[PDB]
Amino acid sequence: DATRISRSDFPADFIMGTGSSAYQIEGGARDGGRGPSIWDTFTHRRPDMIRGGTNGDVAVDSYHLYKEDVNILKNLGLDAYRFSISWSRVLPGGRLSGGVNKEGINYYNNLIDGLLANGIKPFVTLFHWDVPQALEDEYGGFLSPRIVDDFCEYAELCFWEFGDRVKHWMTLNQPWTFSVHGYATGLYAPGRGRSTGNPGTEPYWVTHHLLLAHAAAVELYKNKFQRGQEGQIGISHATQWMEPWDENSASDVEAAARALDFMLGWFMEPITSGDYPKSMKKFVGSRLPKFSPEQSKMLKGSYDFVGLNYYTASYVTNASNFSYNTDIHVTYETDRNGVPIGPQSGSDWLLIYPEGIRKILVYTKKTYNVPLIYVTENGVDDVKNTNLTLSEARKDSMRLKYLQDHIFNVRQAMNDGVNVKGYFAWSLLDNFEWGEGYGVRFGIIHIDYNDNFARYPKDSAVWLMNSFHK
Amino acid sequence: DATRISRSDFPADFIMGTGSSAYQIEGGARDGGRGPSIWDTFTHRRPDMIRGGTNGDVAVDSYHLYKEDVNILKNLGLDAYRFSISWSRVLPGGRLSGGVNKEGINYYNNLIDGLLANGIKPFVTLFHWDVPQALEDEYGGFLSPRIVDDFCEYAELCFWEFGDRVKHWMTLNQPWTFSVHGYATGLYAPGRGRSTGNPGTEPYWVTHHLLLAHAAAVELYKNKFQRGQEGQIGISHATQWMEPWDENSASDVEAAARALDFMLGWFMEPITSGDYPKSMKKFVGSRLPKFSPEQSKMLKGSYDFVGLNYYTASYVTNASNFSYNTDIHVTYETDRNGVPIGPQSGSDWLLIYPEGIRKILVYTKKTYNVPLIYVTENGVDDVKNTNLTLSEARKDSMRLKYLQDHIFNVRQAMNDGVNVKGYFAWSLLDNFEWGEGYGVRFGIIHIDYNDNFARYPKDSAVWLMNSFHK
Amino acid sequence: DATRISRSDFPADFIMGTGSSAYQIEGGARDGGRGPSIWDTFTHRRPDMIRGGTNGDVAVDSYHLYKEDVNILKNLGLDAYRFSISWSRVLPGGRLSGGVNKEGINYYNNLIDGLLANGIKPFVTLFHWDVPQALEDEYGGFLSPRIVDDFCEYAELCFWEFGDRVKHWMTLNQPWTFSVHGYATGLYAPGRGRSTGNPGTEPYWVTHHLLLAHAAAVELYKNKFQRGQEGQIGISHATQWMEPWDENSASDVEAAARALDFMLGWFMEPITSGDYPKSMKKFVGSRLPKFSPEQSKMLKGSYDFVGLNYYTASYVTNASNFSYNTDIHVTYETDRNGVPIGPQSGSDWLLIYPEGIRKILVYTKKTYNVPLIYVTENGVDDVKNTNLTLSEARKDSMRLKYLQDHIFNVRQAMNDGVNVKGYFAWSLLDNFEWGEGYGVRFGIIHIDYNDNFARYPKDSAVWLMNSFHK
Ligand SMILES: C=C[C@H]1[C@H](O[C@@H]2O[C@H](CO)[C@@H](O)[C@H](O)[C@H]2O)OC=C(C(=O)OC)[C@H]1CC=O
Ligand SMILES: C=C[C@H]1[C@H](O[C@@H]2O[C@H](CO)[C@@H](O)[C@H](O)[C@H]2O)OC=C(C(=O)OC)[C@H]1CC=O
Ligand SMILES: C=C[C@H]1[C@H](O[C@@H]2O[C@H](CO)[C@@H](O)[C@H](O)[C@H]2O)OC=C(C(=O)OC)[C@H]1CC=O
Ligand SMILES: [Cl-]
Ligand SMILES: [Cl-]
Ligand SMILES: [Cl-]
């Protein structure tokens with residue numbers, strides 16, 4: 001049973017942790033010499049696109065309050081903390097000739113030594129959507145294949161400055177979301193595809209360039225750093241469990257496999273076999289870029305581990321100019337007869353379905369044969385409500401149950417044979433939630449926006465410490 | 001023509017300034033030894049009563065940023081600035097035995113010296129609704145008449161500490177509003193009037209205690225300080241022009257004059273002749289307290305100048321257990337025959353009626369025969385809109401026009417023989433707006449809540465500087 | 001005689017001074033939150049275009065050493081100092097929504113109070129080529145007419161922050177050089193015209209937009225600031241004396257008038273009469289933009305004074321796809337029979353011809369009828385020589401004679417009837433000289449690049465103090 005799950009149900013080397021990303025927590029957007037990212041410009045030029053018209057200029061101020069975040073982490077007692085570096089903080093002009101920012105480097109070094117002083121292992125992500133405005137403006141950012149070399153320079157700086165203490169790297173986090181909402185729906189930065197954007201072509205190019213940036217950085221680590229620093233490198237993917245609306249309709253079963261193909265296979269097959277998935281070549285056809293054979297050779301097996309981010313699940317059925325959305329030829333169902341696949345969380349797109357994580361995990365292992373997996377993101381948001389006082393606000397039973405059920409399911413997946421090495425809840429703190437602004441709370445630590453972002457643990461944090469301390 | 005109005009249309013001694021109140025701008029609610037006010041407890045225990053569930057903990061942080069505000073005021077170039085002292089900042093327990101807070105005193109001395117170093121005269125208000133919670137919890141704040149002595153100790157403290165530099169004092173600002181929304185409607189702190197409250201009685205006791213508090217303090221200043229410090233003391237009243245729905249119906253001319261009595265007369269009659277107005281005694285009867293004759297003797301003439309606050313206007317006509325609102329026996333109407341008395345501003349209760357200020361001014365001199373008047377508040381809010389970028393947000397055309405029109409009308413009232421010595425715009429900064437939270441913007445200085453409350457002047461400020469500098 | 005010229009040869013109100021521009025002296029390119037200008041990017045991306053491949057990242061560090069520069073200015077004893085603000089220092093994203101940089105504002109306030117503490121009048125230039133990279137990248141900077149509104153926002157900030165102490169403003173300095181070398185020759189930033197650039201069209205558009213930016217800012221000052229702040233506003237133009245190769249050839253005489261038309265008339269006629277000069281309409285024809293009539297009304301008489309920058313002179317004769325260079329249809333001669341118009345300075349393009357300044361001054365007064373003139377730039381560079389020790393290096397007799405002869409000629413122009421109100425030597429310090437890097441020294445104060453930019457006065461500085469002190 002789930003409510004009894006605890007650290008002793010897992011192997012000794014298993015790792016528990018929490019996470020954040022730079023733009024959602026740091027603030028200090030124009031402090032310590034940081035240059036602007038595309039999220040800075042998007043939130044400031046297109047405030048109508050953000051709930052409340054807000055931005056992450058200050059966010060929850062971890063730039064200044066990191067000593068406090070570290071204390072929280074020490075009190076929480078878990079093994080590891082996942083965070084990302086802001087590219088334009090260390091390189092404000094995105095490329096080397098734009099200047100190297102010592103002060104931004106000093107910030108991450110302080111954060112990292114702080115965590116190590118306290119027995120907390122840092123897991124570091126190079127990239128979480130925050131493309132330096134300078135590169136976006138000079139050559140369209142990830143639209144251009146120039147992005148691959150600049151990203152490499154960026155990565156080499158990080159390995160050089162931090163790699164003596166950081167032993168666990170990830171190139172990208174959730175590239176799917178960046179591609180799709182950046183270039184297909186236009187809801188996220190840079191906000192294209194609603195020249196001006198083409199949901200039919202751009203997403204495929206962006207993704208193509210993401211994968212090459214990732215493979216080049218991995219080759220760079222492996223050939224120039226791994227032997228001296230002895231770390232490991234990988235990548236983190238968005239996933240959603242895709243379930244056949246009708247378990248009988250072989251048509252529905254294939255729609256579900258195709259949906260997986262277009263979300264996770266899009267990224268996973270290239271680093272497994274060096275190529276896009278069959279179904280995408282078929283349905284996308286000539287709008288889908290091709291890898292030179294030496295590229296395929298670089299991509300193939302370009303990782304030491306893979307992380308999966310899981311939130312929700314869905315029923316899939318077949319569908320009946322172009323765009324990524326329509327190329328998939330599926331339709332999404334939440335109800336199987338006015339019977340929802342699971343209950344709503346605070347967000348109407350997030351339906352709670354614990355077994356989804358067990359299935360995605362088993363599927364990933366079987367389909368792609370990954371030797372080593374971490375769950376790098378998993379969590380839920382509180383029902384919105386500005387009426388509660390802190391004693392009420394902090395009682396987050398839904399999240400508490402959500403975490404138990406999902407962690408229990410991760411344990412199942414390991415019995416099923418999947419080599420899962422760790423699990424990170426998302427997120428540490430309530431923070432900036434992109435298009436949703438500050439209205440949506442994902443943190444195990446509450447934040448009081450009315451009082452300098454005072455931090456206070458929620459019952460889930462207390463529970464994680466008690467059940468998983470070490 | 002209003003758009004041409006400028007300093008040279010006024011006598012040389014005429015004073016121009018802006019204003020704030022402590023709880024709306026300061027923040028530092030628990031910093032530097034401040035104790036809690038009733039507004040602190042209200043917003044924190046009843047967040048459902050505030051748009052957004054927000055409070056004044058940080059507000060716009062003038063507590064830490066007061067140097068910038070002073071620099072803004074120097075650039076603005078007007079003669080004077082009107083602010084209030086937070087009672088529970090200088091005396092955290094409200095009464096002397098609660099402790100005298102040196103840091104609180106030091107803050108105001110720093111503020112006052114900065115203003116004077118820059119040639120800006122301070123006009124200081126002892127009280128603006130922020131009753132120390134300790135006095136509220138010990139004896140019901142302004143319900144009890146103990147409040148009069150405590151208020152007196154508070155006042156003496158301020159005169160002794162600051163009276164060498166501050167030469168213009170006001171005991172209270174907007175007491176009407178405190179009484180009515182505090183104890184009749186129960187929308188503002190302490191939030192009483194559905195013991196749990198009683199809109200039939202408490203409002204009248206509260207007003208009774210407010211006036212005795214004001215009179216005690218004026219006797220104190222006048223007997224013990226005035227000769228040595230040579231300052232002046234006064235008080236500041238809420239006003240709203242009241243127009244007879246039908247200029248003819250001599251019964252409407254009556255509903256109007258009765259609406260005046262119940263708003264402005266309720267406070268001005270006592271300091272004029274020592275008693276409440278007839279209309280009020282008749283309709284309220286025995287629920288309305290009496291003044292001992294020594295009290296009447298103390299109240300009568302208790303001021304060196306009066307300040308009027310004016311925002312809007314209304315049509316009044318006659319009406320059809322007990323409650324202040326029903327005791328008035330009037331109904332308010334916004335239009336004659338589908339025509340609004342004036343256009344809306346960002347706020348639906350605020351209709352723009354420049355002529356009301358001329359009228360209110362003339363009425364006041366005529367009915368109560370005040371020899372010296374200041375307009376202590378007058379301003380309007382922006383239309384809410386989180387979609388605008390700063391260069392759009394700062395074009396505050398409506399405010400600019402509103403200021404010009406009201407200032408023009410004040411100038412007319414002077415031609416009519418009313419002796420006005422100055423006018424203060426409300427308010428200097430966008431800030432906390434009580435039940436409205438941060439959603440409503442009254443500042444001539446824009447405030448960016450996403451980025452540490454960055455301040456930036458609106459066109460109204462630039463126009464004030466250019467048209468009234470000296 | 002020239003060598004005897006001194007302050008007593010001039011009227012009492014006459015003003016003497018020195019000058020610099022932001023990018024040439026400040027450094028601190030990425031300090032205190034400054035954003036990049038087009039000169040940052042040009043020098044860093046195209047180092048081959050700068051002698052030595054250097055840039056102004058540190059320059060002569062006046063950002064950090066300004067207290068020392070102020071001491072020098074105090075020792076030098078002249079009335080005034082001319083400097084420019086770095087647009088992207090106060091607005092790092094060029095437009096308001098890119099963030100207002102308090103720290104950059106604080107720097108100029110410190111500089112300005114420093115100068116005022118010492119009896120030195122500040123003359124301030126809004127713009128000296130340093131276009132914020134953000135605006136160049138978003139919409140092509142001065143190619144787009146969007147530049148006019150952003151430039152206005154920028155100007156309003158400056159007037160608001162500094163206008164209480166700065167009483168003498170200039171919108172642009174040397175716009176000619178910016179247009180021509182930015183867009184016709186491509187030698188300076190942004191380096192176009194060698195899409196990709198069109199020397200035939202772009203220079204004319206850039207210039208057109210410069211003039212509108214200037215006229216809008218002047219309208220802004222005059223309508224919204226001048227009455228409260230009581231300052232004055234103007235602009236500074238490049239000039240070169242143009243002399244008929246053959247004093248007889250009426251053909252040569254017209255070539256000279258046409259050359260003046262294309263250098264100085266290009267800017268001067270629009271603010272005099274509201275239109276470009278006749279000769280340019282003729283030779284440029286339909287490639288020359290046109291002013292709407294309300295634009296002409298804005299431009300006409302848009303200045304309180306004009307400053308002229310004079311360095312050298314030339315002989316002009318007639319010439320025999322498109323480009324600004326060829327549109328002029330003149331040829332430049334330095335020799336009148338192997339007899340050079342004047343001797344070389346350290347730069348082969350700079351030929352010393354003192355009477356040139358007297359003629360340009362008289363010509364400007366007669367042709368355009370300007371009531372009030374300042375010479376805002378005038379000076380010469382030392383022969384390059386890295387072999388001299390400081391005692392030798394500082395003996396700058398050529399500059400000393402250059403200054404005497406030119407100042408003498410300014411005095412002549414005033415006898416000739418021109419109302420000249422002041423004269424500023426260029427420059428205060430040796431500094432970054434654009435395409436020439438650090439190899440070229442224009443300062444009256446020597447700089448030691450080998451030793452933290454130690455400052456040391458040259459004989460010319462000593463002479464100016466002695467002869468013009470006050
Ligand atoms: C909405 C954003 C992403 C989400 O991106 C994550 O959202 C979190 C909450 O806003 C963020 O805190 C986090 O940065 C991001 O990984 O990742 C998962 C999604 C999903 O549908 O499940 C598969 C997407 C939501 C779908 O509409
Ligand atoms: C709503 C608050 C007060 C208002 O009180 C002022 O409100 C400002 C805006 O919220 C405040 O910033 C300020 O503290 C206060 O003086 O003063 C005038 C009112 C009126 O009806 O016209 C006479 C009241 C509004 C009536 O419903
Ligand atoms: C070379 C740059 C400009 C020069 O620009 C000035 O050059 C100085 C020396 O490099 C600079 O310090 C200064 O910024 C600038 O005003 O202004 C005058 C020129 C001229 O030919 O005389 C009319 C130009 C030189 C001609 O080739
Ligand atoms: Cl580079
Ligand atoms: Cl006491
Ligand atoms: Cl803007």
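Quick note on labels: first sequence line is chain A, next is B, and so on, each numbered from 1. Whatever order the structure lists ligands and atoms in, that order sets their numbers, starting from 1.
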Test of proximity, [X] against ligand 1: N or O pairs below 3.5 Å:
X: A:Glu377; answer: yes
X: A:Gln24; answer: yes
X: A:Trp349; answer: no
X: A:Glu433; answer: yes

* Among all protein heavy atoms, pick the one closest to atom 15 (C) of ligand 1 and tell me residue, atom and distance. =>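 For atom 15 (C) of ligand 1, the nearest protein heavy atom comes out as A:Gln174 OE1, 3.4 Å.
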* For atom 2 (C) of ligand 1, the protein heavy atom that lies nearest, with its residue and separation ->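 For atom 2 (C) of ligand 1, the nearest protein heavy atom comes out as A:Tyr188 OH, 3.5 Å.
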* State which residues pass ring pair (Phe, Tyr, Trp, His ring centres under 6.0 Å) with C:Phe159; sequence neighbours excluded, sorted by chain then number. =>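 Per chain and number, C:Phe159 pairs via ring pair (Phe, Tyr, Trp, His ring centres under 6.0 Å) with C:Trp169, C:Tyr221, C:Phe225.
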* Can you list the residues that meet the side-chain hydrogen bond (donor to acceptor under 3.5 Å, both in side chains) rule with A:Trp87, with sequence neighbours excluded? ->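 Not a single residue meets the side-chain hydrogen bond (donor to acceptor under 3.5 Å, both in side chains) criterion with A:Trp87.
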* Sub-4.0 Å heavy-atom contact, A:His128 with ligand 1 ->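 Yes, that is the case, since the closest heavy atom of the residue is under 4.0 Å from the ligand.
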Going by the atom numbers of ligand 1, which of them fall below 4.0 Å from some non-hydrogen atom of [X]?
X: A:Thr239; result: 23 (C)
X: A:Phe442; result: 9 (C)
X: A:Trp426; result: 11 (C), 12 (O), 13 (C), 14 (O)

* **A:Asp396 versus A:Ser460, side-chain donor and acceptor atoms under 3.5 Å** =>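 Yes, because at least one side-chain N or O of A:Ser460 sits under 3.5 Å from a partner of the opposite role on A:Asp396.
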* Would you say the side-chain atoms of B:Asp150 and B:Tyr139 include a donor-acceptor pair closer than 3.5 Å? ->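 Distance-only check passes for B:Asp150 and B:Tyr139.
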* Under the 4.0 Å line, does any protein heavy atom show up next to atom 5 (O) of ligand 1? ->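 Looking at atom 5 (O) of ligand 1, one finds that a protein heavy atom does lie closer than 4.0 Å.
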* Asked: Is the shortest distance from atom 24 (C) of ligand 1 to a protein heavy atom below 4.0 Å?
  ->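 Neighbour list for atom 24 (C) of ligand 1 is empty of protein heavy atoms (cut-off 4.0 Å).
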* Identify which one of A:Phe42, A:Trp39, A:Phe178, A:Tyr183 satisfies the ring pair (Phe, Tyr, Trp, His ring centres under 6.0 Å) criterion when paired with A:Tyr188. =>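 Only one option passes, and that is A:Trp39.
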